[PDB]
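As numbered in my numbering, residues 55 to 104 make up the sequence shown, in order.
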Amino acid sequence: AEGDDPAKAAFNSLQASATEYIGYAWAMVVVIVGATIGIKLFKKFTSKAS
């Protein structure tokens, strides 16, 4: 059924037009994950104990 919920959806469809926020948020994401790979890579080399 072609039901796209015209109640809250439609209203949210307007707020979702924030093309000024869909870009800088992506860079922040990398700073969340990529930020782990850094410290993570450190534990590996520092947890070798060969």
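Note that the Cβ used here is the ideal one computed from N, Cα and C, for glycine as well.
In the DSSP assignment, residue 98 falls within the unbroken alpha helix (DSSP H) covering 78-100.
When the Cα atoms are used, residue 57 and residue 71 turn out to be separated by approximately 21 Å. In the DSSP assignment, residue 67 falls within the unbroken alpha helix (DSSP H) covering 62-69.
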